Structure formats: C-alpha cells, structure tokens
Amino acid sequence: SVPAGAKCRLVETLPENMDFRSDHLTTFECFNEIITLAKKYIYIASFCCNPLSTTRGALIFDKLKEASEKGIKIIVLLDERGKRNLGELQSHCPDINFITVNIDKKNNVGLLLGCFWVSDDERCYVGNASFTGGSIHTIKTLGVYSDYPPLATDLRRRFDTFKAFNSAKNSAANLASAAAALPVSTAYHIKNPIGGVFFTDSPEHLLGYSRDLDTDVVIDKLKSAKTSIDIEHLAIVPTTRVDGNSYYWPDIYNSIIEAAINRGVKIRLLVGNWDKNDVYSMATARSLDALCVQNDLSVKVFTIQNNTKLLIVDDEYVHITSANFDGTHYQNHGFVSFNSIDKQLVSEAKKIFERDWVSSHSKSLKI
C-alpha cells in the first residue's frame, strides 16, 4: 500500500533572533540529510545561489562540495538574474555543475523559483528556502521533506523541465522546436494524488498537457473554502510592478474577499509590512482595514525576513510554495507548489500558522 501523507514532514528555518520554536526538522538538518544519504545525484533549483552568506549555509556548501568530490552528480539550477555569485560558486566547487536558466527568453519576465532539492529519486525538499545562506540560517522559511521515492521522482520531473531552459546553444530556451519536444511529465496531480499529496506547477506556457496550473488549483481551493482561510504570504496586493510598469491582477485577491463577504469565511492574513510610499500597498491596506470592521477578515503584518508562503483551507487542505500570491508570480514565474490534503500533515501546518499568528513578530494591521 501507499503511506498516508507520502512520508511528508514539515521543515522550517527558525532563526535564533526570532521567537519561533518547533520540533520540526530544520532546513539545515534537512539539507544535511539529503547530502549524507545521497548515492547517485543531488539536484537543487532556486532563484539565487549564495550559500556562503551565513555560517550554516557555508557548512551545507562544504558537505555538498564533499559529495561532488565523492562521485555524486550535483546540478544547481539558478535563474540567470542570480548570476552574480556564479564565479564565487564555481571557484569553491569546481565539480558541482551550475546552470543558469532563463525560462522566458521571449519577454524576460519569467523567473526561476522552483526552490526544491531532490536526490536519488528517493528524497526531496519542497518549500521557500532558497540555496542561500540566508534561507538556511537567518530567514524564516517553511518547506516539506519526504523520503518517499514515488513522490520525489515526480519532483525530479519538474527539475528536468527547468534544466531544459539552460542558456547554452540550441536548447529548449533558445529553440521553440526543442521546447515543444519536452516531455513535461507528471505522475500525480489533483485528480491522482499520491498519499494525499501532489504538485502543482507554473507558468502556463511550461505546463504541458498533464500538469495542474497552480493558479487554477489555488483559486479553486479558495472558492471552495467553507469555514476558514489562513494565509501567510509576503503580500496580497492585487497590483504588482513588472519591469517599470504596474500590473493589475486581482484574481487571487478577489477569491479571498469573495469567501469573506459572500460566504462568511473566517480569514486570517499574515502578510509583510508595506511601503508608506507605495500607493498601491497603502490603498490595498486601507481596503483590507475596512473589511476587518464589517466581516471576519483579520490582518496582521510582520517586518522580519520571512519567505513563508503558506495557505490552509478548512483545516483540510494545505498549500506550501515559493511564489507569492500576486500577478507577477502566477502569470510568469516558474515554480513548484506542494499540495496535501492529508488531515494529519494539515494539522501540523495549522499549528505552525497559529504560532506565527500570535508571535511577537506579528502585529495587528494599523493605518
């Protein structure tokens, strides 16, 4: 049979200077385990790659450096905009293969997020802790780890799609005929989950014909919410700035308010504090402030470095990703989102949100 939850356990970074505590597997423990048990390969994919920025990040880099010297095939995918450190990285690990990726050479907007590890088609991490010293040590993150080969193998398929967009000669990023020849495969989706777990994907032009668009799955779960919606993202503003122009995209923003007003859903938003100079953030905040008075919407803000992207619906479905709920991300950026309906794993994430909601780093919205 298949184990419930697909051997998934929560993984988070809780910096020393922050009051967050838990018994979960730490990001440092997780990355150290993946390298220690590796026998074949270690595939890593995140936007930026800068392990040497903190103490624990540099230790992870040494263990990874030692693995590549022992004969482990190690590939690190980073977006071509996180290319500044590439010289520093290769000089430290000449045996690790670093690959810069541009998933959107047509419009130069789509960024590689992914944010996952996978090794030997057995172990994997999915979350919002990039392969940077900050995400490993000093920045609050949240992710999932599983030693279930059927699940990790499905995540490795996401790595095959991103690696195809290398900035090297006639590949899937430079030739459209080679991008159409990509078997963009998945084994589990919302229609066929594994132990109550499945991955959703983005953007739509890399989705293929079998994968689930994360945009569709998230909005569906928001609109299907019957009781509660808990979200811990960076921002829920319906307007973001791509290039140098503002981009309006209220798709996620609407489905949340639709739940609060039309369906009476209790909603708690734990977002980052906004710029007093950004009129789009000020206006969105004053709109949310008025909805708290009339409906059951609650908003708290944080100012710490926090990459947590968490969504919980009805204490029945959990969504952990590396992208933020806005138009820039869900229309262009390439990432993998963790989805689970296992009540037990969902209960552990609900405990995480409850802790963060009452943390000292979470103050109630005031305008």
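Just count from 1 along the sequence shown to find any residue number.
Between the stretches 166-174 and 254-262, it is 166-174 that shows the larger average CA temperature factor. The mean Cα B-factor in the deposited entry runs higher for 237-245 than for the other of 237-245 and 98-106. Across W274, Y145, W117, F131, the entry's maximum B-factor at the CA atom is seen for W274. Comparing the listed residues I231, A179, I139, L78, the entry records the largest Cα B-factor for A179. When the modelled residues of the chain are ordered by C-alpha B-factor, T153 sits in the lowest third. Per the deposited record, the Cα B-factor of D201 falls in the lowest third when ranked against the other modelled residues of its chain. Sort the modelled residues of the chain by CA B factor and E122 lands in the middle third. In this PDB entry, the Cα temperature factor of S322 sits in the bottom third of its chain's modelled residues, the lowest group. Compared with the other modelled residues of the chain, the Cα B-factor recorded for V218 ranks in the middle third.
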